[PDB]
Amino acid sequence: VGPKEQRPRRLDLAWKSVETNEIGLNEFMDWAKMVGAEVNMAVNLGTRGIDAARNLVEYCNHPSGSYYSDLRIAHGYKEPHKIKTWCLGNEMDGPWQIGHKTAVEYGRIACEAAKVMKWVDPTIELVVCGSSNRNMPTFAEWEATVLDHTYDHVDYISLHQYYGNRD
Amino acid sequence: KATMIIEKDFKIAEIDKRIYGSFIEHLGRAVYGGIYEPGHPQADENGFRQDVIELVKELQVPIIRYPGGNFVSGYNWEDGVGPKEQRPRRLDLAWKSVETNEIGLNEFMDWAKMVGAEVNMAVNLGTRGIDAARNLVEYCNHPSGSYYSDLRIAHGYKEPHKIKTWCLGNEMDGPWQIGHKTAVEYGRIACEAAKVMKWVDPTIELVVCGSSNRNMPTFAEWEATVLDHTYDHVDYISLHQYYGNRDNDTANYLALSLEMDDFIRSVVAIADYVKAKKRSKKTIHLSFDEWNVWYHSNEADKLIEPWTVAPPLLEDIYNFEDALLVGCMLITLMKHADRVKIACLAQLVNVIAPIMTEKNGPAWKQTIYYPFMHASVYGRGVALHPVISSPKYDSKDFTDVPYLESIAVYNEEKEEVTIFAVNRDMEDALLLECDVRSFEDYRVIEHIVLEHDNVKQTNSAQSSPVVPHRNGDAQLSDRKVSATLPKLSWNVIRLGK
Amino acid sequence: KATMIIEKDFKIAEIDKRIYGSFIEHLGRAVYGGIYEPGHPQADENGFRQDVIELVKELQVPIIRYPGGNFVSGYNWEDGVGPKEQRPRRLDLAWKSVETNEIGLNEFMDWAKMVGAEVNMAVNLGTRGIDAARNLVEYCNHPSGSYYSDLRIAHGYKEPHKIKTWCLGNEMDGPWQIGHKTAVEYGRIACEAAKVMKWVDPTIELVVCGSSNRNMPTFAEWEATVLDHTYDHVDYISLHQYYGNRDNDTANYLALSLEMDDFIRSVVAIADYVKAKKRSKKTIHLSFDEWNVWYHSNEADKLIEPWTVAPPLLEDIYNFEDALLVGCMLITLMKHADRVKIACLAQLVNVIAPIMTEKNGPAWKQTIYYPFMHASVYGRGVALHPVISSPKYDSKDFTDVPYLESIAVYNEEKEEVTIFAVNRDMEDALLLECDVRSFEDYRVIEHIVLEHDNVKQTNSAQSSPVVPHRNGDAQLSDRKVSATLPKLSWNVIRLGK
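Note on numbering: every chain is counted from 1 along its sequence as written, possibly out of step with the entry's scheme, and residues lacking coordinates are dropped from view. Lettering of chains starts at A and numbering of ligands starts at 1, both following the order in which they are written. The displayed chains are a subset of a larger assembly; all values refer to this subset. Values reported for side chains reflect all heavy atoms of the structure, with hydrogen atoms and water molecules removed beforehand.

The PDB entry lists chain B under the name Alpha-L-arabinofuranosidase, from Geobacillus stearothermophilus. Under its PDB record, the entry appears with the title "Crystal structure of a family 51 (GH51) alpha-L-arabinofuranosidase from Geobacillus stearothermophilus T6". A UniProt comment under Catalytic activity is attached to chain B, and it reads "Hydrolysis of terminal non-reducing alpha-L-arabinofuranoside residues in alpha-L-arabinosides." UniProt positions are given in the numbering used here, feature names are shortened, and annotations may be inferred rather than shown by experiment.

As annotated in the PDB entry, chain A is Alpha-L-arabinofuranosidase from Geobacillus stearothermophilus.

Remarks on helix α10 (residues 320–335) of chain B
Compared with the 22 Å implied by 1.5 Å per residue over 16 residues, the 23 Å span of α10(B) between its first and last C-alpha is a close match. Two to three positions downstream of the cap, the backbone nitrogen of B:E321 sits 3.2 Å from a side-chain oxygen, assigning the N-cap of α10(B) to B:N319. Under the DSSP-based scheme used, a helix requires at least four consecutive residues in state H or I and a strand at least two consecutive residues in state E, with every element numbered from the N terminus. Expected span of a helix: the number of residues minus one, times 1.5 Å. Contacts described as polar in this section are N or O atom pairs within 3.5 Å, which, within protein, must combine one atom able to donate a hydrogen with one able to accept it, while residues neighboring in sequence count only if both atoms come from side chains.

Thoughts on the sheet that holds strand β7 (residues 118–123) of chain C
Residue and element names in this part refer to chain C. A pair of strands is labelled paired if DSSP reports no fewer than 2 bridges between them. Spatial strand order, β3-β4-β7-β8-β9-β10-β11-β12: 8 strands in a closed barrel with parallel pairing. Between one strand axis and the next, the sheet turns by 30° as a mean value, whatever way the strands run. The pairing of strand β4 (residues 63–66) with β7 spans 4 bridges and is classified as parallel. Bridge pairing in β7 places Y66 opposite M121. Note on geometry: axes are C-alpha line fits, over the in-contact stretch for helices, and angles between N-to-C directions span 0 to 180 degrees.

A look at the domain arrangement of chain B
Accessible area lost on assembly of the parts is the figure often given for the size of an interface. Residue and element names in this part refer to chain B. Domain start and stop points were drawn from an automatic or database domain assignment. The domains assigned to chain B are domain 1 (1–15 + 380–497) and domain 2 (16–379). Between the C-alpha centres of domain 1 and domain 2 the distance comes to 29 Å. The contact between domain 1 and domain 2 buries some 3,900 Å² in all, and 66% of this surface belongs to carbon and sulfur atoms. When two parts are brought into contact, each loses some accessible area as probed by a 1.4 Å sphere; the total of that loss over both is the buried area. Of all residues in domain 1, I15, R380 and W490 bury the most surface against domain 2, accounting for 20% of the area lost on that side. The salt bridge criterion pairs a side-chain nitrogen of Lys or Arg with a carboxyl oxygen of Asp or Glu, the two atoms within 4 Å. Summed over the shared surface of domain 1 and domain 2, the number is 2 salt bridges. Close ionic contact of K456 with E321 constitutes a salt bridge, the shortest N to O distance being 2.5 Å. Where domain 1 meets domain 2, there are 15 residue pairs in polar contact. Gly counts as polar in this scheme, as do all residues outside two lists: the nonpolar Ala, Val, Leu, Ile, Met, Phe, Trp, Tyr, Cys and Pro, and the charged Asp, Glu, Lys and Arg. Along the lines of polarity and charge, the residues of the side of domain 1 that touches domain 2 split into 25 nonpolar, 13 polar and 11 charged.

Right, dumping it as structure tokens:
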């Protein structure tokens, strides 16, 4: 976010690419508007945590009169994005994931992130990470533990599945 | 009388030269007044003491661990790079000193280059974690075209440092450590740090922290748990050990290398337990990345007031018997060349060091400099398995202590065989006979001896009564080397042709 | 071509003769129809087959594990003692057989005495626990003057059996085991059983259960936990391993001893990890108390209906390649004489066995009998460290497999050196040259060879095509023994003087 000359070039470790950040969340919201879609925004719970989660909700959803909401206004977006549905991280059970967490570690951070996000904006919904797929050795055990930690604060649990005709 | 077989075909392993490594921490006068002293008449254009540079070069130290040690666990690497006016003064909680960060990692790399050493760089896993670890690898090793690599270029270092071997934190099991972690907490963060560092640069190697010493209540349990968490992502596990003669029992003191031997075997066993538990084809080796005599300066250190710059901490003044024990420790590393691949004499300058300096004044060699120098210079090649028969003795803490501690190293390229030997006998000479039928056309080049009548004799800036001579009597006749090892002596018998 | 140095002074350790042990379970026809067959023409007045007794004596088996194995985990020792009329018929759930208990422990001890073997007695820690453990030690070992010792006397056995070495249960990690226990559950009960057994008789030694197999999901973790719970009270940890050639790949099959070597090294590492964790001075050794080829009889056993008496279970008929692998396994045990102190060929009679019987008929020697006999008879003394240079091959599961598997054993009292050697090569002879300089005045006594052109050839009661000959060409010349090891052969090269 903010002026392009101040956006850093980063090493994206997920896909081993250099990410320029020439597109960030405000430009993506502009694109989504053009195609008539709302956005299901994911927050980083790999290298980051609860403070970044509340601040991003505030930046996106709080109208004005705080540092992060007034920042979004300064960046050229007077009206809040008012994002309804958010993902609490991504595929956190994966040994290939940046900042992988066990089901307990993830459940705990997701619970605490969910709380602060909803205190910023109680209209939102939260999605907690399921297993990366049905074949994970932690399949089902993961979902149970994660929901045990987050149930009262979240709305959905995720599933991921891909198929292929390799034979 | 003792005997030895010296058979080319009974080999332990090629010695990894990194067993002759060392270590510099931002501790006391190791950096400030040690390697770096801008006011000194013999300082170079960048403030580095040229006399110290020459003393390190003569040791041929291949690798130096940096910047800690307990210091790293509270250190921010960014505080020591870039223009000096923007580097903050910090309270170093490890050594209760004010660290100016006038030396940071780029200046240390410049120093290391001058002494011909690569750097074994440690990352902070005490107050910091995985993000700082990836960014530091990127800063050091990624060529260009990212924020951190281009930052290093801007700071005046166009070519990457290309650091090969990194430490995942320091002594994290210690209750005295900044950001101490349990074995599980450490295993987990080390695993995740290892991953991101290797994704930045897959050519690197990683060292995971062992116990701070063999006496920790979590000893062995720690290593097992840590390796269980990190095995597939790391390359070495570390061991630390210091010794001291706090009860004036020389016989027992010189036997302490047998304990180091068992310590090594124990940690090897743990690595091989975890290898089997994981069904891994990869073998983890050992980095003995702190070892030395350390005890003499304990009481003086207790009087140092906190929050000075470069206090005179850990300034052990070593004596002759300390040199003998260091010699036994070196032989012990060589005899584990199959599994100990890196070792660091802790530390290189001023701090429990073979090299000592005085402000605006001379640099000089402690007693321990000599066996270290001999092992480093003459101990490259293949470590051979000794089948020794030696007489033995009992001490307070040890039974069946051989008077003879020895090994031979064969260097095929130089066509040399070197026998390192300590005679621990406090009263009598030891008549060593080595069966060298395996080596044809070899002769004795020289027999170096380090001895002194008084085991408590030290060296100093003023005078060095403890120094090697080359009047050993080793002789080679019908495929037998016969040598007289004086009482309480370190010996280096060099053969050639 | 291959070379080998046979250096007197480069020694592994004295071989404990108990590495030539075996094992009889109440399984199939091992007891009923094996050691014990009333009315057999060769049966003695106690019903034991004399022909089997002689075949066992010729193997010189020093120790025999009994009575299980999976059987012991559901067995009540009291059911097999006292007057036969009061012994109950039980459902043995291990092998789905009706056990009559016509043989119990006192009759087994009578048999063991006749073959000159001590008994390694196993206790039930599946359905039973510490009380039955102490009571059985008391029954067997306490002289008199207590209920259980006087009971043994009343049963006809005045002198105590004085059993030295006891197994704390059987295969307790196995999901197929009666009263399976987790490593913590097993460690705790084994600890508490060990204590009470040694309080009855402090002269005993105890063996704790390892993993039932290298492939168990709890492998290595199990041993570490179990030893963590039992270290101070026990003496050995067990390993079990079986092999088979289920994909008709001989070259891969003969390399399987490299896996056994790794398994042993792995379990030794675990013991030494726990030793260090405990700061113990005691070293735990290994009892390899089940090992063999086992696979031929798998399909046949599936047809056996439950609840018969003495069914023909596990009746592998071995072939020549099986004997070669057995030879490689024996050499592997000798190579680890320093830490493997007991081993048991599983099992001794009928069940996966070197000795097979027919009812009212003959007893005969399987292919595997021969290498076992050679190893037991000629492999007493000190195992020497093998220094060998052999050509090598790759197979499906193994890389750098040496064509030569060999070790020499030096018996100083007999002034003999025995070289055991397998040539795994499926096409070519190996020309072995052994440097015997350290054995002045030794000559070749004999060179035994087990070879057969068809690896799938078996022996039977009617003929034995697979038998040793003494036409090996080993010869001494200029301090060097040269011997041709035929393709796919087991070789015993005996030297003396």
